[PDB]
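Okay, so here's the structure we're looking at.
Atoms considered below: every heavy atom in the structure, side chains included; atoms not considered: hydrogens, waters and symmetry mates. Positions are given from 1, in the same order as the sequence printed here. Each ligand, and each atom within it, is numbered from 1 in the order the structure gives.
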Amino acid sequence: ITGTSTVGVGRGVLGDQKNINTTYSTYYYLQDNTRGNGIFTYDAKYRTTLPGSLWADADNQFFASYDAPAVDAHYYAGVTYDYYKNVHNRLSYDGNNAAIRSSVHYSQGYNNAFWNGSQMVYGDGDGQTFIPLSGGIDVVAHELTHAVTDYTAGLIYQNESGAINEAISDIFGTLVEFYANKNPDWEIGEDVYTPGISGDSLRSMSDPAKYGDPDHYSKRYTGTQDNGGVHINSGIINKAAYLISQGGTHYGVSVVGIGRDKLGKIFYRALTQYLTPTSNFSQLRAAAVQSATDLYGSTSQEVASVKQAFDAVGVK
Ligand SMILES: CC(C)C[C@H](NP(=O)(O)CNC(=O)OCc1ccccc1)C(=O)NCCCN
Ligand SMILES: [Ca+2]
Ligand SMILES: [Ca+2]
Ligand SMILES: [Ca+2]
Ligand SMILES: [Ca+2]
Ligand SMILES: [Zn+2]
């Protein structure tokens, strides 16, 4: 909407106060004009028709329980925008400052979030398995990263290409979580998962097997559930990424860690310069090796560590 840029205040899903960029024109709207061609947050009103209505508020204060998922979807989309721009020189998901749109309060009891080809969508959860999913910065960044992937490598959402697609979203979701630097970890979704159980998460990148996901190619799933295991076999790549950054010895193979920033540079370059819609795990290894070679040199520790990490998870 046309209006003037304003700054509102509210509380997110976890009860934390934050400022949010809004737009005033009769109402205050969740429309942040400070980033690209805007970040826009919508109310889906417990229904499944998208996007719903651009979020309107009478007083620019967002402290109602119903407001909390919108506050966080809007704010964390801004953080994710900032990460891609400041760290990777990428302007929004399409590289040309496309408007970023999210809808919250999608459906009833909806234990998921997704990119629908055009926008992000967040359930409220059922209160037992999930609370409103925009409360997780790693979740928000996971969803926006699906848009980045779709505009770049275009990884098809099934089998190995789809597991790479998933891992890319978990990797950058985690790197955004570290960028914001509030309780960062290598776990996925911990801030919104199972409010009655402490210390768990939906997936672990440091130890995928903690939740039954493979940490070695010899343990890959090859059935048909979950689009051929896209959220399962992602553990193999998540583990490789974790090892590149943090190091370790895994199934007897030692990996020298090179840190998160270099992990992010290598995988961003692989995603945007070398991967294609049908890339498999072996082709990802080659893409990451070439990316590290471009950035750091063929004789570098960074290249050597990429090779050891993929060796450690059984990907040649
Ligand atoms: C990070 C977690 C919290 C959420 C994540 N959701 P996602 O991967 O983005 C689910 N996207 C998905 O299916 O895209 C396919 C698709 C394409 C076009 C239109 C619609 C959909 C996930 O890991 N879901 C697994 C189940 C959670 N109960
Ligand atoms: Ca209000
Ligand atoms: Ca965390
Ligand atoms: Ca996390
Ligand atoms: Ca929990
Ligand atoms: Zn995903």
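Comment: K18 engages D72 in a salt bridge, judged by a side-chain N to carboxylate O separation of less than 4.0 angstrom. A salt bridge links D311 with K316: the closest approach of a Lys/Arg side-chain nitrogen to an acidic carboxylate oxygen falls below 4.0 angstrom.
Inclusion of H231 in the first shell of the Zn ion (ligand 6) is not supported: no N, O or S atom falls under 2.8 Å. Within the coordination shell of the Zn ion (ligand 6), defined by N, O or S atoms under 2.8 Å, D170 is absent.
The protein heavy atom nearest to atom 17 (C) of ligand 1 is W115 O, 3.9 Å. Scanning the protein for heavy atoms near atom 7 (P) of ligand 1, the closest one is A113 O, 3.4 Å. Looking only at heavy atoms of the protein, atom 9 (O) of ligand 1 is closest to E143 OE1, 2.6 Å. The closest protein non-hydrogen atom to atom 14 (O) of ligand 1 is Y157 CE2, 3.7 Å.
In terms of N/O distances under 3.5 Å, ligand 1 is approached by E166. Considering backbone and side-chain N/O of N112, one or more are found under 3.5 Å from N/O of ligand 1. Ligand 1 has no nitrogen or oxygen under 3.5 angstrom from a nitrogen or oxygen of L202.
Within the 4.0 Å heavy-atom shell around ligand 1 one does not find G189.
With sequence neighbours left out, the ring pair (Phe, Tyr, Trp, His ring centres under 6.0 Å) criterion links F267 to no other residue. Every residue two or more places apart in sequence or in another chain was checked for a ring pair (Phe, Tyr, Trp, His ring centres under 6.0 Å) with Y122, and none qualifies.
The distance from ligand 1 to the heavy atoms of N111 drops below 4.0 Å at these ligand atoms: 27 (C), 28 (N). For ligand 1 and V139, the ligand atoms under 4.0 Å from any heavy atom of the residue are 3 (C). Against a heavy-atom cut-off of under 4.0 Å, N116 is close to the following atoms of ligand 1: 19 (C). Atoms of ligand 1 found under 4.0 Å from any heavy atom of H146, numbered from 1 in the order shown, are 8 (O), 9 (O).
Counting only distance, with no hydrogens or angles, the side chain of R11 and the backbone of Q17 share no donor-acceptor pair below 3.5 Å. A distance-only check finds no donor-acceptor pair linking the side chain of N111 to the backbone of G125 [under 3.5 Å]. The main-chain N or O of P69 is found under 3.5 Å from a side-chain atom of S134 such that the two form a donor-acceptor pair. Panel note: side chain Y27, backbone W55; no donor-acceptor pair is recorded below 3.5 Å.
Two residues are said to be in side-chain contact when any heavy atoms from C-beta on lie closer than 4.5 Å; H74 and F40 fail this criterion. A 4.5 Å side-chain heavy-atom check between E190 and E177 finds at least one atom pair inside the cut-off. Using a 4.5 Å heavy-atom cutoff, the side chains of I244 and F310 are in contact.
Considering just the N/O/S atoms of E166, the one nearest the Zn ion (ligand 6) carries the name OE2.
For the residue pair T34 / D32, a side-chain donor-acceptor distance below 3.5 Å is found, with atom types taken as modelled.
The other members of the hydrophobic cluster of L50, by chain and number, are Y106, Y110, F114, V121 (side-chain heavy atoms under 4.5 Å, ILVMFWY only).
Centroid-to-centroid, the aromatic rings of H88 and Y83 come within less than 6.0 Å.
Vertex the Zn ion (ligand 6), arms ending at NE2 of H142 and NE2 of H146: the angle is 100° after rounding to 10 degrees.
Listed by chain and number, the protein N, O or S atoms at a distance under 3.0 Å from the Ca ion (ligand 4) are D138 OD2, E177 OE1, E177 OE2, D185 OD1, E187 O, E190 OE1, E190 OE2.
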